[PDB]
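Take a look at the structure set out below.
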Ligand code: HDD
Ligand code: HDD
Ligand SMILES: [Ca+2]
Ligand SMILES: [Ca+2]
Ligand SMILES: [Ca+2]
Ligand SMILES: [Ca+2]
């Protein structure tokens, strides 16, 4: 472990206090065997005091998340574009820590809520910690950081009763969206499959803001960060996400942990779009505007290196809960832009750690420490762990010989502000007119989805907006949607029994761009780690033998196989009672188990109809399903599943079955099973 | 009320800072229209600082919960048994605040996790705040407060990856239960329907510990607090609880809020069992042991008064999140016992508020303030909101004329320790042998459940233990369960493919007691607030007219009616897309909607088979279901629901249908639909 120096081992030895005195901790000291507990019981108090103070404030946003360690490897010497030391040589390795998250939910809320997702990466570089604090969606709801509490109050639970948890499906959120049109772009992304990703591994990371790369000669270029998943992009469907939020609140964190433990640690290409300073307004919008994306057709990705997560934490609290990211953790070679959303973030992340940590020495927590020496005149504060030998911590000094020395552009590899940056004009609390088109890019995004994806997005909006109580807010929502697409407004209006306003075509267009569509990103590049549930029975020795044979053939290709039956025994992982279609990417029934597949099928060991429900749920949610053994028409008829269907498999031969089935797992979702408007 | 003085109205006026200076908060101050943000923007920083510091540590246990205001009314002058002032006169009214909760989950976890539930009541009495910090289960897992971190660490998520949220279904919890046999009694309760109550209103409250009632003459008796629900006892079924955890994490808090808003604020009889000091060991166990209950057959309930919750909070955070309960909040007329669990609690709750509040003046928060004058020498501390006039805050003094005066048994209505209490013997960290029978009362509890309830408990254990990975832990669990009941151990063993150990009859017996069974507690005494979903369609005017007719007749009797159709319009509350059987206590399909229940039924407006699934789920989960308004075998046949079944209703006549259906809502659950072992 990168944090091995801090680890404490308790695999041997006797219980001690925190000051090393051996003690016991199982019975209170009392005045007699049936007597009251004594104040002088220090063993009791030290233990309970610690317990009583275990909690810390959850993060103000992105409270629900999980993390892992890894390594970043540069693909080249990037000195041609940046002074950044972690990018300065082919093959240069830097340790990382990544945390993924939702936004709105509190720390025990479900992973599979519909939400924007955090993707926060720390690079522990040889010139200091560098953090890229990104999301899985490339654009943000608002154009100025000062609005962040308004956005967050609106999407978080209503503050009288704190309902609803981890959801935008309430009046306040849609009130805000409808009144603040900047929100439309991120809203469309959140309402697409990007709002309910299959896993953290199957989503991308984006810095969102324009940043600068600064060379050692002082020249700069404008960049956007894109972390492109090597596992491919995949989404849940909403009805699946909802059940999964109940069956397994921990789904995304379990998925990540398991992938790492099995040697399938996720990878991303760390990429940038790079453009000249002179192109700040060349693409038909302002690069300072965090509601806008540069189409890849206008500015291609450069792959900088590989991010791989391959080690799980030892202690969640100490590593994942305490990691304290900051966009202020910047290194020489990177600089900010005048994005008013970014500008205000720089304040927030330094301040909020005082809340979380309760003290100013939060950079001394192991997970937060850098991997190079610290030389500065910061001193004291609660929880101060260092013992500083320099007794003249001021500049300028002679009594410590002028140390520490100042670092800048020309000495000490100092950070420096890009020297071509300037400001001009009045000191204003005014929005740039260049930010005023809130609707064209939401339309570009909608236009770039496939027909079934467009339907899923409409369906997400119909779901959420149908739960808004205020008729005025609903009308206001359709007004805003209508500015993006008349068709969207019509289709959503139909579900909520309002009429859509007349078409307003000011921002309508038919342009499209590549790389935003989930459904359109073709088969997954790997099916390693995908989950196959094999539904079997203990009532037939032949069913368990078919299940074992399938297990062997599927595990050979790196699939995670679960054999399901009525009761556990050797070879059976899970009972029907605990099994659900949300647990699998594909479902196979062995044809020795066909008798379980009545909807009438009843047992004290699982809920009525459970075996068939798992198969039917899997089919309805677009998953590859099949029967293995040659006799398929009893199972398929019970389930109302057509044998001829795409992503439906039946074969006697285990080998032929698995070859077909694995193409289905790569396809991932069979979208022909979903009805479309008109 | 301290609350009314601190209410803040923002229905009019201009935005101000916290110091009353009018400001704006929508655009950052910048150096030029596309410039960097300025450090001198105090509007920005005060708003973001506040946002950055909004969160406080969640409670270490019972983090997920909800609260309401109410009133307690004494039924009599109880001077004959206690000096407590809030019980000293017929009709005497005291304001209350109650918070209900789960135990293990974090703040945004689901209400319908399987868990023990908190029921914490504050009485703002005219002699000081009195808190009864209870649970919905009358016994606790452990016999000594020093063990509480062990219990809690074992049941909370595994600390390497923080999985799983809000669940005992993991190895560590079952390891603890199997190694610490005291846990068996509470474990049986949590594995019964008491682990998944239908609502906070449909559960009881217990103080758990033996306390003392102390008279003004100094004499004392031993008491147990029982708050008996006037709404009746009701439970979910597990599969329903699981879906509901995903469809509506806020189910119990929504239920409570809605009942209060509709004028159906929940009620409890506040009761005690009262016995003599000489009976500490008369009932076959030790009244100091918090794993034991006194059977009502040995000690009947005395009703002391009425608890009614009837007002929702104004601000969740300020009231519900900040309320800081303590068993240390005791009043004259009540005393502690030497219950080692209770003894240690007294320390914990005073200490933990320093964590939550971040400072020592947490009793000054409006929700924590008393309703009588405070006279003491407590001074200073962070957040000090008082300006004390008394400049000689020490006793004894002459310079403040000897005020405040000391209060005790003889003067000033002081609190006093029951004067009959003694201690004798060695100072020991030893458990009383009188605590050693961990298995008889778990068996009494199991024996007192009906056959279908015994099956649900066995099924909950089969579910959880099947998810334990360690075969050794599973074996250890069976060893412990076997000491309670060989039959339980055999039936649980069958689901996990182990053999149960041989019968060990040391603690086996056939005794039963009344008042623990949910299923056996007869029909609900009221059906007000129960939810009826009416499944209809917009494609038939007749379906909406049947729905309206049913609505009228059901709303008349105080039922909360939801009409479901494809799309919203006048008369329709919810779409099929957002509807689920977990939203209803009963489900009615109107005859005119029969076309939606065909297997070929598909729509872009809801998932395939949604209408039928709602009906079938409702039936499977034991709910009253029916079809109203023709000769209506088409819907019952599609659902495979037998017309002759108990809790299945089929009538042409709206009036006849409703009369029958409402008896079904009172019966609540039709337990005949659940399979039993053999
Ligand atoms: C002005 C305030 C503000 C604004 C405009 C933003 N955020 Fe932020 N963000 C915070 C204030 C903040 C915060 C309150 O400071 C958090 C809470 C915890 C923390 O360390 O910082 C936070 C946490 C946080 C985390 C969790 C880091 C972790 O896992 O611990 C992520 C991934 C993001 N944010 C991402 C974004 C992105 C991609 C944004 C826009 C492009 C963004 N935030 C705008
Ligand atoms: C030695 C520690 C300890 C032990 C043995 C107990 N608890 Fe406790 N309990 C706490 C330590 C604690 C705590 C850490 O101090 C909490 C967390 C937040 C707070 O105010 O106190 C708490 C909170 C808490 C709450 C939530 C109050 C609220 O809604 O804010 C309830 C209802 C209970 N407990 C009830 C019980 C019952 C019925 C117990 C056994 C009879 C029990 N606790 C044993
Ligand atoms: Ca709202
Ligand atoms: Ca999708
Ligand atoms: Ca565990
Ligand atoms: Ca005394």
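Numbers and lists here come from the model and the stated rules, or from a named source; no laboratory instrument gave them. Note that each Cβ is placed from the backbone with ideal geometry, even for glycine, and that neighbours are counted across all protein chains shown.
Would you check which residues across the stretch B:557-577 are under 29 Å from the mean Cα position of the chain (by Cα) and not in a strand (DSSP E or B) and list them?
B:557, B:558, B:559, B:573
The rows are residues; the columns are (1) buried (at least 21 other Cβ atoms within 10 Å of the Cβ); (2) under 29 Å from residue B:247 (Cβ atoms); (3) touching a residue at least 24 places away in the same chain (Cβ under 8 Å).
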residue	(1), (2), (3)
A:410	no, no, no
A:432	no, no, yes
A:464	yes, yes, yes
A:504	no, no, no
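Being in contact with a helix residue (DSSP H, G or I) (Cβ under 7 Å, 6 or more places away or on another chain), closer than 16 Å to residue B:371 by Cβ and surrounded by fewer than 24 Cβ atoms within 10 Å (Cβ to Cβ) is the filter here; which residues of the stretch B:75-101 pass it?
If the condition is that a residue be in contact with a helix residue (DSSP H, G or I) (Cβ under 7 Å, 6 or more places away or on another chain), closer than 16 Å to residue B:371 by Cβ and surrounded by fewer than 24 Cβ atoms within 10 Å (Cβ to Cβ), then B:92, B:94 are the ones that fit.
Are any of the residues in the stretch A:347-368 over 28 Å from residue A:53 (Cβ atoms), more than 8 Å from chain B (Cβ to nearest Cβ) and buried (at least 18 other Cβ atoms within 10 Å of the Cβ)?
Within the stretch A:347-368, not a single residue is over 28 Å from residue A:53 (Cβ atoms), more than 8 Å from chain B (Cβ to nearest Cβ) and buried (at least 18 other Cβ atoms within 10 Å of the Cβ).
Mind listing just one residue for me: the one in the stretch B:173-196 that is within 14 Å of ligand 2 (Cβ to nearest atom) and away from every other protein chain (no Cβ under 13 Å) and, of those, nearest to the chain's Cα centre (by Cα)?
So the residue we want is B:194.
Only one of these is away from ligand 1 (no atom under 16 Å from the Cβ), assigned to a loop (DSSP other than H, G, I, E, B), assigned by CATH to the domain that holds residue B:97 and under 21 Å from residue B:329 (Cβ atoms): B:404, B:396. Name it.
B:404
Could you please give the count of residues in the stretch A:407-426 that are outside any loop (DSSP other than H, G, I, E, B) and closer than 20 Å to residue A:129 by Cβ?
Final tally of qualifying residues: 1.
What residue, among those in the stretch B:420-436 that are within 34 Å of the chain's Cα centre (by Cα) and at the interface with chain A (Cβ under 7 Å from one of its Cβ atoms), is nearest to residue B:215 (Cα to Cα)?
B:432
Residue A:58 is checked against (1) within 7 Å of chain B (Cβ to nearest Cβ); (2) crowded, with 20+ Cβ neighbours inside 10 Å; (3) in contact with a strand residue (DSSP E or B) (Cβ under 9 Å, 6 or more places away or on another chain) and fails just one. What number does that condition carry?
All conditions pass for residue A:58, except number (3).
Determine, yes or no, whether residue B:441 is away from ligand 4 (no atom under 16 Å from the Cβ), assigned to a helix (DSSP H, G or I), more than 14 Å from chain A (Cβ to nearest Cβ) and surrounded by 14 or more Cβ atoms within 10 Å (Cβ to Cβ).
Yes.
Would you check if residue B:359 is under 30 Å from residue A:38 (Cα atoms), away from ligand 6 (no atom under 16 Å from the Cβ) and without any contact (Cβ under 8 Å) to a residue 40 or more places away in the chain?
Yes: the conditions hold for residue B:359.
So which of B:395, B:417, B:450 is over 30 Å from residue A:248 (Cβ atoms), within 11 Å of chain A (Cβ to nearest Cβ) and either within 16 Å of ligand 5 (Cβ to nearest atom) or in contact (Cβ under 8 Å) with a residue 12 or more places away in the chain (or both)?
Matching residue, one of B:395, B:417, B:450: B:417.
Restricting attention to the stretch B:578-590, does a residue exist that is crowded, with 21+ Cβ neighbours inside 10 Å, away from every other protein chain (no Cβ under 14 Å), in contact with a strand residue (DSSP E or B) (Cβ under 8 Å, 6 or more places away or on another chain) and assigned to a helix (DSSP H, G or I)?
no
Among the residues of the stretch A:102-112, are any in contact with a strand residue (DSSP E or B) (Cβ under 6 Å, 6 or more places away or on another chain), crowded, with 19+ Cβ neighbours inside 10 Å and at negative phi?
No; the residues of the stretch A:102-112 include none that is in contact with a strand residue (DSSP E or B) (Cβ under 6 Å, 6 or more places away or on another chain), crowded, with 19+ Cβ neighbours inside 10 Å and at negative phi.
Looking only at the stretch B:275-321, filter to residues that are in a helix (DSSP H, G or I) and more than 16 Å from ligand 3 (Cβ to nearest atom); which one of those is surrounded by the fewest Cβ atoms within 10 Å (Cβ to Cβ)?
Top of the filtered list is B:278.
Report, by residue number, each residue of the stretch A:344-393 that is away from ligand 1 (no atom under 14 Å from the Cβ) and in a helix (DSSP H, G or I).
A:364, A:366
I'd like to verify a number: residues in the stretch B:620-652 that are within 14 Å of another protein chain (Cβ to nearest Cβ) and closer than 26 Å to residue A:673 by Cβ, how many?
5
Scan (1) within 14 Å of chain B (Cβ to nearest Cβ); (2) part of a strand (DSSP E or B) for the single condition residue A:63 breaks and write down its number.
Here residue A:63 meets the rest and fails (2).
Among the residues of the stretch B:224-252, how many are out of contact with any helix residue (DSSP H, G or I) (no Cβ under 8 Å at 6 or more places or on another chain) and either more than 12 Å from chain A (Cβ to nearest Cβ) or assigned to a helix (DSSP H, G or I) (or both)?
Qualifying residue count, the stretch B:224-252: 7.
Are any residues in the stretch A:148-172 in contact (Cβ under 8 Å) with a residue 40 or more places away in the chain and either surrounded by 24 or more Cβ atoms within 10 Å (Cβ to Cβ) or within 14 Å of chain B (Cβ to nearest Cβ) (or both), and if so, which ones?
Result: A:148, A:152, A:155, A:156, A:165, A:166, A:167, A:168, A:169, A:170.
Among the listed residues A:3, A:39, identify the single one that is within 14 Å of chain B (Cβ to nearest Cβ) and more than 28 Å from residue B:324 (Cβ to Cβ).
Result of the check over A:3, A:39: A:3.
What are the residues in the stretch A:253-269 that are in contact with a strand residue (DSSP E or B) (Cβ under 7 Å, 6 or more places away or on another chain) and more than 11 Å from chain B (Cβ to nearest Cβ), if any?
Those that are in contact with a strand residue (DSSP E or B) (Cβ under 7 Å, 6 or more places away or on another chain) and more than 11 Å from chain B (Cβ to nearest Cβ): A:265, A:266, A:267, A:268, A:269.
Condition check: more than 16 Å from ligand 2 (Cβ to nearest atom) and under 23 Å from the mean Cα position of the chain (by Cα). Does residue A:416 satisfy that?
No: the conditions fail for residue A:416.
Do we have any residue at all in the stretch A:253-260 that's in contact (Cβ under 8 Å) with a residue 12 or more places away in the chain, touching a helix residue (DSSP H, G or I) at 6+ places or on another chain (Cβ under 7 Å) and not assigned by CATH to the domain that holds residue A:562?
No: zero hits.
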